[PDB]
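Beneath this line is the structure, given in structure tokens, with notes to follow.
No value in this document is a laboratory result; all are computed from the given coordinates. Here the Cβ positions follow ideal geometry from the backbone for every residue, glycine too, while neighbour counts run over all protein chains shown.
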Ligand SMILES: C[C@@H]1O[C@H](O)[C@@H](O)[C@H](O)[C@@H]1O
Ligand SMILES: C[C@@H]1O[C@H](O)[C@@H](O)[C@H](O)[C@@H]1O
Ligand SMILES: C[C@@H]1O[C@H](O)[C@@H](O)[C@H](O)[C@@H]1O
Ligand SMILES: C[C@@H]1O[C@H](O)[C@@H](O)[C@H](O)[C@@H]1O
């Protein structure tokens, strides 16, 4: 494997949230999203017809995988993880199985995952994928319809507005037709995938969890899978803020905490609550000392840019880090 | 022209800055614009080739002149003034004379000035136009090339990067071919224009100032022109805040400002004047017989920023509350 | 006790956090408190010797109970609830039982609770008290030493730095000697208390919960007590926002919140809820028959922060506007 | 002199604004000061009776000249300049001539200038003084009463509210009785003064300008005086933002631009518009390349602390600077 050895010593990674949600940028008809701008479709129950039409305005002229990967490399990040497809159900790659994707639906007409995969290969960074394997707001039988007992960063976990008939929904339809095929797609194209990032099942069955584990193993034998997929089908445990030293057995000794620079994963115009360089550097050092990789999220803006203050704070966090390691 | 009487009593107006600059939103290649985001092309000397290409990404799905004018009406604004064409040289209307415009250059493929003109006619709001009659960064002979002695919200007043040869530039070429024709266009289409908003000439000759005055008078006899055009060719003086006490023959005055510190949308500028600040300034200007022209900088999807809307509406509630007492 | 009828229809109340924590204002030796600035002594384990010395610098020249209650009245708040004594153990009234209080320890040399109680009586506002009946960081046997299993807005629930010997601490000593006497003090002086606001017991026994209930009932028979004290010793349930839909026999409910993210004043916390957010939340809570208890964290000079005042007043104007429609 | 040689190569200095204005912290009776919080007494025409009473609440428990000078030293600042007395007329040293001072008027009962002077001597930093030699809002005949033709960061340049009789004011009374004696005081006590920082005369006569120049020369022969005092009585020209490369002859080749981290010189609770580390570092490098010392102001808070974000941004600016000089 020795992908295991590399992950123990990686320490630092860039995460990217980017999708149709990025264009709305935390705002819908003069009202604010929750802290999570990427959840805006659920928050305002925006009809798929309307939300999907955002694709017609997706033309990020300043997107540049080379420049993004370079920034990651300059901050000493050793891997990059991207949203291939979030809860909204929109793919950021050229999906054969669903035309609801950046390549087919947008004037941009380009494979974002492909460009990042290539930028990473040439730069010598490992490449990881995020995929929402349970929630899909574009799919009539998207997940979450049997677990609205608990509150969300939107309204409901499922698209309950376009598809209200909760007692006639069947996730198997969504899983077989979109979910598994799309996982096969991202895991076969775009070369070696170092890390695989799934959500916690609400809907997805035990069988269906095992299936995704097998699929990834067969197509990407070196790919490290994160705890979220399901118990006993992972190679590193993803820890939440509430789980970090001042429980899920991890047999390989591999741990990763994800966070954002501000309070949103997706870009949000109103969210300027950027963690200071010192906060970023200190948290990284704290996580690293406990043998935990820091996966730090950038939410790209409508033109596909790292926000100015996100870049500034990553670079100043790097200078504080280097200064401290010289002492 | 009872337009004079109406302006004395108007008290409040919406101004709109919107253009290609709105898409960059105060940011270029990881660096910040000045307080003035609309000046970003000059600030970073962005080649016309590149800046112009922003047009290919201009698709403001949420633009809605009816909803914008409704907001203006609800805040008790009696007129609306829009950027037809700013220093960058990009027209926000269907220009016959230049294809560098929202209708021809953008997937949106719609006349912004036309939609606002109509929304205003139906809502019963007077309609005013802003036009950069001197500065044009898209025109080889754009203005400002004989007055870089003074600092700007960008680098230079003219496009000195695409068109460096300052000693072979001739503003007459730009004026005759783009400026005057475009003024004729905006003043003839889009119905009655109540207010005309020009910049202070740096380059534009005395003759050329008189020409624009005549053109507006002949096409829009009721249209009130602002002091900026040149001395003795105006009907109201536009005041800066630093010029109100404690040279206008009609007794008509107007101070323009923005809610934050930028005229164009700027995602880094969240320094919104509070409702109380907005309401108090309006009351101060009105008591001195000065119309408050308050700018909204629409975002890439053609939306009034959430906090701009909130603060206009809360300023209105403070104002109404105070008039009930 | 028509106090029940009055609380069902009260709808809106001011809450006040104020203490030694207010002087540090979210900051200690170049580092930030948590969202809760009032928790700063626990957050940085500041020795009582040092923290207590803040009392020597407590001289809020601009404190004015009349002006504070007037603001509350102008926003249509019908009651006011104050911190008599928070987790830090410092009394904001002239306590016979402990000299660790605003009157005895500070150059200000005045009873804050007394001035507010009087300002409220004269203004026609009901007066409520908050008291930390379990946690006391100044008391060797302060509460929380048997429940550090769970994380806090500081470090530990108890003062574990000045008083580390957890296995030789006895809350009974603190309860008998400081807690019950101080409750007797605040409930006997300062006239009628409409609302009594306690914390959730971590340490405090079943007996000790019943005792406080009895004490309040005997001294203040009209006083409505909140659920936090313990099950079956309350007259209204204090709800968290996450517990309102889409266990109270009198039908009385109250949700408390702050304008920014801190209860105590925090100079770094400028995340003020907009007027619209405040007005809408109030309307939402009121429609569900829930009183909105909205916290102000007074600053070192005893002032309502400028933006807290602005946003309460603008929230009031939005509310009045909406009721006129 | 070779104080001249040292100033050419100093590059960086800390400035401190601190006074009664610091306690109000940009706010008076629910209304905001201008960008300049230190100007608040003029802005709201606060009677001397009331403003002066702030002295009774001045007890900055966390003031620590050693820690302040240490921070300055860690950022590579080579000198420290303090407000001995600002426009409000309140001395921050033990003045024999006026009891309106930190030592006599406040429960703190300590000489701030003295503690900083000592902290600097022991740390090996040069020590400089600011003094408002024209404006004094506490003095009946304070300056500015013949130049209200122009707007200010308050209302008027002079105290025109406590002392309205403009046509019966005489600056000579103020100059002879308070100004010159206080300059003699600060220049004789607190040891060697490296830099002397005066305001531009509005009121102060040509004679009176020459007098202050002579006084400083006789008491502090090595002390470099800044252009503001008056034409031909200075050793370095202080440049404003509008005067810095993309005029006052400077014969020694010595230049200094002062600025603050946020938009206020005095502490202001509402002013969180902190210049980012990159902005601070870049400006410093720009000024230094043009042979201009950067004098960067900290506005101490009511407890005598460097604001958390001021400290963080100075330290991160230092790390960016060191990183860039390694390359
Ligand atoms: C990283 C975060 O994990 C959560 O489960 C998601 O709901 C958020 O949108 C985000 O992707
Ligand atoms: C309203 C403002 O007037 C100024 O002169 C212009 O330069 C700005 O860009 C803006 O249009
Ligand atoms: C109102 C809030 O209730 C909580 O329980 C307390 O811990 C906070 O400090 C604050 O008093
Ligand atoms: C450094 C600044 O210089 C100006 O002249 C003063 O008016 C300000 O208060 C501040 O001291």
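Inspect all residues belonging to the range C:191-206 and state whether any of them is in a helix (DSSP H, G or I), more than 14 Å from chain A (Cβ to nearest Cβ), surrounded by 21 or more Cβ atoms within 10 Å (Cβ to Cβ) and away from ligand 2 (no atom under 16 Å from the Cβ).
no
Considering only residues that are more than 21 Å from residue B:262 (Cα to Cα) and within 14 Å of chain A (Cβ to nearest Cβ), which ones fall in the range B:29-54?
B:47, B:49, B:50, B:52, B:53
Of all residues in the range B:103-115, count the ones that are away from chain A (no Cβ under 14 Å) and either part of a loop (DSSP other than H, G, I, E, B) or within 16 Å of ligand 4 (Cβ to nearest atom) (or both).
Summing the residues that are away from chain A (no Cβ under 14 Å) and either part of a loop (DSSP other than H, G, I, E, B) or within 16 Å of ligand 4 (Cβ to nearest atom) (or both) in the range B:103-115 gives 1.
When you look at residue A:69, is it assigned to a strand (DSSP E or B) and surrounded by 23 or more Cβ atoms within 10 Å (Cβ to Cβ), yes or no?
Taking the combined requirement at face value, the residue does not satisfy it.
Tell me which residues, restricted to the range A:279-303, are within 25 Å of residue A:37 (Cβ to Cβ) and either in a loop (DSSP other than H, G, I, E, B) or within 12 Å of chain D (Cβ to nearest Cβ) (or both). Show your work before the answer.
Initial filter on the range A:279-303 (within 25 Å of residue A:37 (Cβ to Cβ)): A:279-280, A:283-284, A:287, A:293-303.
Scanning the range A:279-303 gives A:279, A:280, A:300, A:301, A:302, A:303.
Could you please tell me which pairs satisfy a Cβ distance under 6 Å, a separation of 6+ or placement on different chains, a first residue in the range B:293-308 that is more than 7 Å from every other protein chain (Cβ to nearest Cβ), and a second residue that is in a helix (DSSP H, G or I)?
Taking only residues 6 or more apart or on different chains, the pairs are B:296/B:308.
For the condition out of contact with any strand residue (DSSP E or B) (no Cβ under 8 Å at 6 or more places or on another chain), part of a helix (DSSP H, G or I) and within 16 Å of ligand 4 (Cβ to nearest atom), what is the one hit in D:313, D:325, D:242?
Sole residue among the options that is out of contact with any strand residue (DSSP E or B) (no Cβ under 8 Å at 6 or more places or on another chain), part of a helix (DSSP H, G or I) and within 16 Å of ligand 4 (Cβ to nearest atom): D:242.
Look through the range B:266-290, keep the residues that are part of a loop (DSSP other than H, G, I, E, B) and under 27 Å from residue B:236 (Cβ atoms), and return whichever of them is nearest to the other protein chains (Cβ to nearest Cβ).
B:273
Read through the list (1) more than 14 Å from chain C (Cβ to nearest Cβ); (2) at positive phi, then give the number of the only condition that residue B:325 fails.
Here residue B:325 meets the rest and fails (1).
Checking residue A:88 against (1) part of a loop (DSSP other than H, G, I, E, B); (2) more than 16 Å from the chain's Cα centre (by Cα): exactly one of these is not met. Which one?
If we test residue A:88 against (1) part of a loop (DSSP other than H, G, I, E, B); (2) more than 16 Å from the chain's Cα centre (by Cα), just (2) comes out false.
Tally the residues that are surrounded by fewer than 22 Cβ atoms within 10 Å (Cβ to Cβ), touching a strand residue (DSSP E or B) at 6+ places or on another chain (Cβ under 8 Å) and more than 27 Å from residue C:226 (Cα to Cα), restricting the search to the range C:44-91.
Within the range C:44-91, residues that are surrounded by fewer than 22 Cβ atoms within 10 Å (Cβ to Cβ), touching a strand residue (DSSP E or B) at 6+ places or on another chain (Cβ under 8 Å) and more than 27 Å from residue C:226 (Cα to Cα) number 1.
Tally the residues that are under 19 Å from residue A:199 (Cβ atoms) and in a helix (DSSP H, G or I), restricting the search to the range A:106-133.
The first filter runs over the range A:106-133 and keeps only residues under 19 Å from residue A:199 (Cβ atoms), leaving A:113, A:128-133.
Next cut, in a helix (DSSP H, G or I) only: A:113.
The qualifying residues number 1.
Taking the condition of being buried (at least 17 other Cβ atoms within 10 Å of the Cβ) and assigned to a helix (DSSP H, G or I), how many residues in the range B:116-159 meet it?
Of the residues in the range B:116-159, 5 are buried (at least 17 other Cβ atoms within 10 Å of the Cβ) and assigned to a helix (DSSP H, G or I).
Any idea which residue in the range B:249-263 is farthest from the other protein chains (Cβ to nearest Cβ), counting only those that are part of a loop (DSSP other than H, G, I, E, B), touching a strand residue (DSSP E or B) at 6+ places or on another chain (Cβ under 8 Å) and farther than 25 Å from residue C:276 by Cα?
Checked the range B:249-263; the qualifying residue farthest from the other protein chains (Cβ to nearest Cβ) is B:250.
Of the residues A:149, A:136, which single one is more than 14 Å from chain B (Cβ to nearest Cβ), more than 16 Å from ligand 4 (Cβ to nearest atom), surrounded by 15 or more Cβ atoms within 10 Å (Cβ to Cβ) and part of a loop (DSSP other than H, G, I, E, B)?
The match here is A:136.
Go through the range D:5-60 and tell me which helices (runs of 4 or more DSSP H), entirely inside it, have 2 or more residues that are more than 16 Å from ligand 3 (Cβ to nearest atom) and touching a helix residue (DSSP H, G or I) at 6+ places or on another chain (Cβ under 6 Å).
Where helices (runs of 4 or more DSSP H) fall fully within the range D:5-60 and carry at least 2 residues being more than 16 Å from ligand 3 (Cβ to nearest atom) and touching a helix residue (DSSP H, G or I) at 6+ places or on another chain (Cβ under 6 Å), they are D:21-24, D:40-43.
Of the conditions (1) within 14 Å of another protein chain (Cβ to nearest Cβ); (2) surrounded by fewer than 20 Cβ atoms within 10 Å (Cβ to Cβ), residue D:306 satisfies every one except a single condition; which number is it?
Of everything listed in (1) within 14 Å of another protein chain (Cβ to nearest Cβ); (2) surrounded by fewer than 20 Cβ atoms within 10 Å (Cβ to Cβ), residue D:306 misses just condition (2).
Can you pull out the residues in the range B:291-308 that are assigned to a helix (DSSP H, G or I) and farther than 19 Å from residue B:256 by Cβ?
Once the filter is applied, which keeps residues that are assigned to a helix (DSSP H, G or I) and farther than 19 Å from residue B:256 by Cβ, the range B:291-308 yields B:306, B:307.
Identify the single condition in (1) within 16 Å of ligand 2 (Cβ to nearest atom); (2) over 15 Å from the mean Cα position of the chain (by Cα); (3) more than 14 Å from chain C (Cβ to nearest Cβ) that residue B:246 does not satisfy, given that it satisfies every other one.
(1)
Would you say residue D:63 is in a helix (DSSP H, G or I), buried (at least 18 other Cβ atoms within 10 Å of the Cβ) and under 20 Å from the mean Cα position of the chain (by Cα)? Break it down into steps so the answer makes sense when it comes.
Values: in a helix (DSSP H, G or I): no; buried (at least 18 other Cβ atoms within 10 Å of the Cβ): yes; under 20 Å from the mean Cα position of the chain (by Cα): yes.
For residue D:63, the condition - in a helix (DSSP H, G or I), buried (at least 18 other Cβ atoms within 10 Å of the Cβ) and under 20 Å from the mean Cα position of the chain (by Cα) - is not met.
Would you point out which residue out of B:93, B:103, B:62, B:12 is in contact with a helix residue (DSSP H, G or I) (Cβ under 6 Å, 6 or more places away or on another chain) and either closer than 17 Å to residue B:190 by Cβ or more than 16 Å from ligand 2 (Cβ to nearest atom) (or both)? Before you say what the answer is, go through the steps one by one.
Values: B:103 fails: in contact with a helix residue (DSSP H, G or I) (Cβ under 6 Å, 6 or more places away or on another chain); B:62 fails: in contact with a helix residue (DSSP H, G or I) (Cβ under 6 Å, 6 or more places away or on another chain); B:12 fails: in contact with a helix residue (DSSP H, G or I) (Cβ under 6 Å, 6 or more places away or on another chain).
Being in contact with a helix residue (DSSP H, G or I) (Cβ under 6 Å, 6 or more places away or on another chain) and either closer than 17 Å to residue B:190 by Cβ or more than 16 Å from ligand 2 (Cβ to nearest atom) (or both) holds for just one of B:93, B:103, B:62, B:12, which is B:93.
With respect to residue D:275, determine if the residue is within 14 Å of chain A (Cβ to nearest Cβ), touching a helix residue (DSSP H, G or I) at 6+ places or on another chain (Cβ under 9 Å), part of a loop (DSSP other than H, G, I, E, B) and surrounded by 16 or more Cβ atoms within 10 Å (Cβ to Cβ). Before you say what the answer is, go through the steps one by one.
Numbers: within 14 Å of chain A (Cβ to nearest Cβ): yes; touching a helix residue (DSSP H, G or I) at 6+ places or on another chain (Cβ under 9 Å): yes; part of a loop (DSSP other than H, G, I, E, B): yes; surrounded by 16 or more Cβ atoms within 10 Å (Cβ to Cβ): yes.
So residue D:275 fits the description; yes.
Can you pull out the residues in the range C:11-28 that are in a helix (DSSP H, G or I) and more than 8 Å from every other protein chain (Cβ to nearest Cβ)?
The first filter runs over the range C:11-28 and keeps only residues in a helix (DSSP H, G or I), leaving C:21-24.
Once the filter is applied, which keeps residues that are in a helix (DSSP H, G or I) and more than 8 Å from every other protein chain (Cβ to nearest Cβ), the range C:11-28 yields C:21, C:22.
Across the range B:256-266, what is the number of residues that are surrounded by 24 or more Cβ atoms within 10 Å (Cβ to Cβ) and closer than 14 Å to residue B:34 by Cα? Before the answer, list the steps.
In the first step, residues of the range B:256-266 are kept if they are surrounded by 24 or more Cβ atoms within 10 Å (Cβ to Cβ); the result is B:259, B:262-266.
Those left that are additionally closer than 14 Å to residue B:34 by Cα: B:262-266.
Result for the range B:256-266: 5.
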